[PDB]
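Here's the structure we're looking at; comments come further down.
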Amino acid sequence: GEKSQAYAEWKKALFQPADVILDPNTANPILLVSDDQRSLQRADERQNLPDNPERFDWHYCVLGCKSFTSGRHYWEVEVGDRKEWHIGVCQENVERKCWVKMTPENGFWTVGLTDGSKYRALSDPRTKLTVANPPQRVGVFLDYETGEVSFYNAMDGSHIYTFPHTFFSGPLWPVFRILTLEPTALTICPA
């Protein structure tokens, strides 16, 4: 109510609303990107896709269609009652083919959920989160210049996690990851 209103006014004071669509050319071959490019599901097995260089071959990742090299940006993601997901940003230069650990040291800033109830930030070591109200909708907030990546419950304005301030190298991309085969898709909220 007031908390929702303050969350809305804070987004306006500081952050540009990003209109994020998923790039199917980046998506791991086990992922399905929806025809409107807002939603993500998983297949029972890898589909036959070209191994173009941008595609994540190991990690069940997909990128947005536009990168950020500067400024303050947010987008919101409907996670709904998914039991598993991770979202955030990654550098353009992340490893796409070989496994790397999804950590800030390797150019990934993500948080998410496993097994329905285990909220974690994928810092190294991983940060155990304690979340009083499981979010249905998550806001991702980027400040490129100050090296800030933070996450909020978009419905009640409660804070979830802020990574330590860092120094980004090169463009950042929105990144999305799902490991499970379950009924609820991951869906980006349009700007």
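Naming scheme: A, B, ... for chains in displayed order of the structure tokens; residues 1 onward per chain; ligands 1 onward as shown.
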
Query - residue A:1 surroundings by only C-alpha atoms, 10 Å radius, close-in-sequence under 3 positions cut, as a list in words - result: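 The filter keeps residues 4, 5, 6, 7, 155, 156 and 157 of chain A.
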
The selected residues should be written to file as a PDB file, in the first residue's frame (atoms: C-alpha atoms).
ATOM      1  CA  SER A   4       3.991  -0.460  -2.785  1.00  0.00           C
ATOM      2  CA  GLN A   5       3.686   3.308  -3.455  1.00  0.00           C
ATOM      3  CA  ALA A   6       7.193   4.079  -2.077  1.00  0.00           C
ATOM      4  CA  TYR A   7       8.646   1.165  -4.145  1.00  0.00           C
ATOM      5  CA  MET A 155       4.722  -6.794  -4.891  1.00  0.00           C
ATOM      6  CA  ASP A 156       5.453  -5.511  -1.311  1.00  0.00           C
ATOM      7  CA  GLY A 157       8.727  -3.562  -1.882  1.00  0.00           C
TER       8      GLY A 157
END

Stretch 136-152 of chain A surroundings by only C-alpha atoms, 9 Å radius, close-in-sequence under 3 positions cut, as a PDB file with C-alpha atoms, in the first residue's frame:
ATOM      1  CA  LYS A  11      11.939   3.099  -9.189  1.00  0.00           C
ATOM      2  CA  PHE A  15      15.986   3.582 -12.317  1.00  0.00           C
ATOM      3  CA  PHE A  68      23.842  -2.190 -20.293  1.00  0.00           C
ATOM      4  CA  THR A  69      27.190  -0.353 -20.308  1.00  0.00           C
ATOM      5  CA  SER A  70      26.089   2.541 -18.036  1.00  0.00           C
ATOM      6  CA  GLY A  71      23.253   3.887 -15.930  1.00  0.00           C
ATOM      7  CA  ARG A  72      20.502   2.679 -13.603  1.00  0.00           C
ATOM      8  CA  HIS A  73      18.038   0.071 -14.916  1.00  0.00           C
ATOM      9  CA  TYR A  74      15.372  -2.243 -13.495  1.00  0.00           C
ATOM     10  CA  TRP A  75      13.124  -5.047 -14.711  1.00  0.00           C
ATOM     11  CA  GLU A  76      10.656  -7.283 -12.908  1.00  0.00           C
ATOM     12  CA  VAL A  77      10.257 -11.050 -13.332  1.00  0.00           C
ATOM     13  CA  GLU A  78       7.149 -13.095 -12.524  1.00  0.00           C
ATOM     14  CA  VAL A  79       8.643 -16.202 -10.832  1.00  0.00           C
ATOM     15  CA  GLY A  80       5.180 -17.153  -9.498  1.00  0.00           C
ATOM     16  CA  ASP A  81       5.191 -20.463  -7.569  1.00  0.00           C
ATOM     17  CA  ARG A  82       8.196 -21.924  -9.420  1.00  0.00           C
ATOM     18  CA  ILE A  87      17.939 -14.361 -12.314  1.00  0.00           C
ATOM     19  CA  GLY A  88      20.267 -11.388 -12.469  1.00  0.00           C
ATOM     20  CA  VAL A  89      22.975 -10.005 -14.772  1.00  0.00           C
ATOM     21  CA  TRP A 109      25.384 -11.692 -10.365  1.00  0.00           C
ATOM     22  CA  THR A 110      22.335 -13.875  -9.681  1.00  0.00           C
ATOM     23  CA  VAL A 111      20.001 -14.875  -6.857  1.00  0.00           C
ATOM     24  CA  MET A 155       4.722  -6.794  -4.891  1.00  0.00           C
ATOM     25  CA  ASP A 156       5.453  -5.511  -1.311  1.00  0.00           C
ATOM     26  CA  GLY A 157       8.727  -3.562  -1.882  1.00  0.00           C
ATOM     27  CA  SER A 158      10.680  -5.713   0.586  1.00  0.00           C
ATOM     28  CA  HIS A 159      14.439  -6.017  -0.114  1.00  0.00           C
ATOM     29  CA  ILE A 160      15.856  -9.502  -0.914  1.00  0.00           C
ATOM     30  CA  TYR A 161      19.610  -9.066  -1.608  1.00  0.00           C
ATOM     31  CA  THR A 162      22.323  -6.627  -2.667  1.00  0.00           C
ATOM     32  CA  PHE A 163      25.690  -7.938  -3.885  1.00  0.00           C
ATOM     33  CA  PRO A 164      28.802  -6.215  -2.597  1.00  0.00           C
ATOM     34  CA  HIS A 165      29.521  -3.184  -4.789  1.00  0.00           C
ATOM     35  CA  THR A 166      31.960  -4.232  -7.526  1.00  0.00           C
ATOM     36  CA  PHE A 167      33.659  -3.026 -10.729  1.00  0.00           C
ATOM     37  CA  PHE A 168      31.970  -4.310 -13.908  1.00  0.00           C
ATOM     38  CA  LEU A 172      26.110  -6.522 -18.730  1.00  0.00           C
ATOM     39  CA  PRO A 174      20.046  -9.723 -18.084  1.00  0.00           C
ATOM     40  CA  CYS A 189       7.097  -8.146 -16.961  1.00  0.00           C
TER      41      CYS A 189
END

Query raised in the report: Do you know which residues are at most 9 Å from residue A:50 counting only C-alpha atoms, after dropping those on the same chain fewer than 5 positions away, and could you put them as a list in words?
Result: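 The contact residues come out as residues 25, 29 and 55 of chain A.
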
Requested in this report: With a distance cut-off of 7 Å and only C-alpha atoms, select the neighbouring residues of residue A:40, excluding the residue or stretch itself and same-chain residues fewer than 6 positions from it, and output the selection as a ChimeraX atom specification.
Outcome: /A:31-34,185-187

Residues from the last selection, N, CA, C and O atoms, saved as a PDB file, in the first residue's frame:
ATOM      1  N   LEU A  31      16.316 -25.132 -23.215  1.00  0.00           N
ATOM      2  CA  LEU A  31      15.324 -24.079 -22.878  1.00  0.00           C
ATOM      3  C   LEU A  31      14.433 -23.777 -24.082  1.00  0.00           C
ATOM      4  O   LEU A  31      14.863 -23.902 -25.204  1.00  0.00           O
ATOM      5  N   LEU A  32      13.201 -23.376 -23.800  1.00  0.00           N
ATOM      6  CA  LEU A  32      12.230 -22.877 -24.789  1.00  0.00           C
ATOM      7  C   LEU A  32      12.015 -21.419 -24.411  1.00  0.00           C
ATOM      8  O   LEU A  32      11.559 -21.143 -23.294  1.00  0.00           O
ATOM      9  N   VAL A  33      12.236 -20.565 -25.372  1.00  0.00           N
ATOM     10  CA  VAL A  33      11.827 -19.144 -25.292  1.00  0.00           C
ATOM     11  C   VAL A  33      10.480 -19.003 -26.000  1.00  0.00           C
ATOM     12  O   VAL A  33      10.331 -19.474 -27.158  1.00  0.00           O
ATOM     13  N   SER A  34       9.555 -18.343 -25.363  1.00  0.00           N
ATOM     14  CA  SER A  34       8.174 -18.139 -25.890  1.00  0.00           C
ATOM     15  C   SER A  34       8.252 -17.273 -27.148  1.00  0.00           C
ATOM     16  O   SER A  34       9.227 -16.507 -27.365  1.00  0.00           O
ATOM     17  N   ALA A 185       6.020 -21.158 -15.809  1.00  0.00           N
ATOM     18  CA  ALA A 185       7.128 -20.592 -16.591  1.00  0.00           C
ATOM     19  C   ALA A 185       7.781 -19.460 -15.781  1.00  0.00           C
ATOM     20  O   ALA A 185       7.213 -19.000 -14.783  1.00  0.00           O
ATOM     21  N   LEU A 186       8.949 -19.009 -16.201  1.00  0.00           N
ATOM     22  CA  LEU A 186       9.510 -17.717 -15.785  1.00  0.00           C
ATOM     23  C   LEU A 186       9.050 -16.687 -16.822  1.00  0.00           C
ATOM     24  O   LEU A 186       9.181 -16.952 -18.008  1.00  0.00           O
ATOM     25  N   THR A 187       8.449 -15.587 -16.412  1.00  0.00           N
ATOM     26  CA  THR A 187       7.920 -14.565 -17.333  1.00  0.00           C
ATOM     27  C   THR A 187       8.396 -13.168 -16.952  1.00  0.00           C
ATOM     28  O   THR A 187       8.162 -12.723 -15.822  1.00  0.00           O
TER      29      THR A 187
END

Query raised in the report: Of the residues A:154, A:27, A:36, A:90, which is the one nearest to residue A:57, using only C-alpha atoms?
Result: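 Using only C-alpha atoms, residue A:57 sits closest to A:27.
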
Query raised in the report: Which residue gives the smallest distance to residue A:123 among A:101, A:96, A:12, A:46, with only C-alpha atoms counted?
Result: A:101

**Report entry** Residue nearest residue A:22 - candidates A:67, A:117, A:47, A:93, atoms counted: only C-alpha atoms
**Finding:**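 Closest residue, counting only C-alpha atoms: A:67.
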
Report task. Identify which of the residues A:20, A:61, A:191, A:13 lies closest to residue A:179, counting only C-alpha atoms when measuring atom-to-atom distances. Result ->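 Of all the options, A:61 lies closest to residue A:179.
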
Report task. Can you list, as a PyMOL selection string, all residues belonging to chain A that DSSP tags as helix (DSSP H, G or I)? Result -> chain A and resi 2-14+104-106

Can I get the selection written as a short mmCIF file (atom, residue, chain, number, x, y, z; two decimals), in the first residue's frame, with N, CA, C and O atoms?
data_model
loop_
_atom_site.label_atom_id
_atom_site.label_comp_id
_atom_site.auth_asym_id
_atom_site.auth_seq_id
_atom_site.Cartn_x
_atom_site.Cartn_y
_atom_site.Cartn_z
N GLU A 2 1.19 1.80 1.17
CA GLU A 2 2.26 2.83 1.25
C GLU A 2 3.59 2.23 0.76
O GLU A 2 4.32 2.92 0.05
N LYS A 3 3.90 1.00 1.18
CA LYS A 3 5.16 0.28 0.81
C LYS A 3 5.19 0.07 -0.70
O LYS A 3 6.22 0.35 -1.30
N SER A 4 4.10 -0.38 -1.31
CA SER A 4 3.99 -0.46 -2.78
C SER A 4 4.19 0.91 -3.43
O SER A 4 4.88 0.98 -4.47
N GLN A 5 3.62 1.96 -2.85
CA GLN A 5 3.69 3.31 -3.46
C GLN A 5 5.14 3.81 -3.38
O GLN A 5 5.64 4.42 -4.36
N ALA A 6 5.79 3.62 -2.25
CA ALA A 6 7.19 4.08 -2.08
C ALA A 6 8.11 3.31 -3.03
O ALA A 6 9.08 3.92 -3.51
N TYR A 7 7.84 2.03 -3.22
CA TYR A 7 8.65 1.17 -4.14
C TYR A 7 8.50 1.70 -5.56
O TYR A 7 9.51 1.92 -6.24
N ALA A 8 7.26 1.98 -5.98
CA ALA A 8 7.01 2.62 -7.29
C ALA A 8 7.73 3.97 -7.41
O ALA A 8 8.30 4.25 -8.50
N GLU A 9 7.67 4.84 -6.41
CA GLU A 9 8.28 6.19 -6.52
C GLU A 9 9.81 6.06 -6.52
O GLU A 9 10.48 6.89 -7.14
N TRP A 10 10.35 5.08 -5.81
CA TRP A 10 11.82 4.93 -5.79
C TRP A 10 12.29 4.51 -7.19
O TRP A 10 13.30 5.11 -7.68
N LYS A 11 11.60 3.55 -7.81
CA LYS A 11 11.94 3.10 -9.19
C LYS A 11 11.97 4.32 -10.11
O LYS A 11 13.00 4.52 -10.79
N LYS A 12 10.94 5.18 -10.06
CA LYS A 12 10.88 6.41 -10.90
C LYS A 12 11.98 7.42 -10.60
O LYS A 12 12.47 8.06 -11.56
N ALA A 13 12.32 7.65 -9.34
CA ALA A 13 13.34 8.65 -8.97
C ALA A 13 14.68 8.23 -9.58
O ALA A 13 15.53 9.12 -9.88
N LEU A 14 14.94 6.93 -9.68
CA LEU A 14 16.35 6.53 -9.86
C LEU A 14 16.56 5.62 -11.07
O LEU A 14 17.65 5.74 -11.66
N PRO A 104 30.25 -13.93 -9.01
CA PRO A 104 30.74 -12.63 -9.47
C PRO A 104 32.17 -12.67 -10.04
O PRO A 104 32.43 -11.98 -11.02
N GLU A 105 33.05 -13.48 -9.43
CA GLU A 105 34.43 -13.65 -9.93
C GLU A 105 34.42 -14.11 -11.40
O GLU A 105 35.30 -13.67 -12.19
N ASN A 106 33.45 -14.93 -11.80
CA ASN A 106 33.32 -15.41 -13.20
C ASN A 106 32.31 -14.56 -14.00
O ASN A 106 32.05 -14.96 -15.14
#

Requested in this report: Go through chain A and collect every residue that DSSP, computed from the backbone, puts in strand (DSSP E); the answer should be as an MDAnalysis selection string.
Outcome: chainID A and resid 16:17 31:33 39:42 61:63 72:78 85:91 108:114 118:121 127:128 137:143 148:153 159:162 172:177 186:188

Query raised in the report: Closest to residue A:94 among A:16, A:130, A:39, A:169, using only C-alpha atoms?
Result: A:169

Requested in this report: Can you work out the spacing between atom CA of residue A:114 and atom CA of residue A:84 in Å, to one decimal?
Outcome: 4.5 Å

**Report entry** Distance criterion (only C-alpha atoms): nearest to residue A:115 out of A:103, A:180, A:41, A:127
**Finding:**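 Using only C-alpha atoms, residue A:115 sits closest to A:180.
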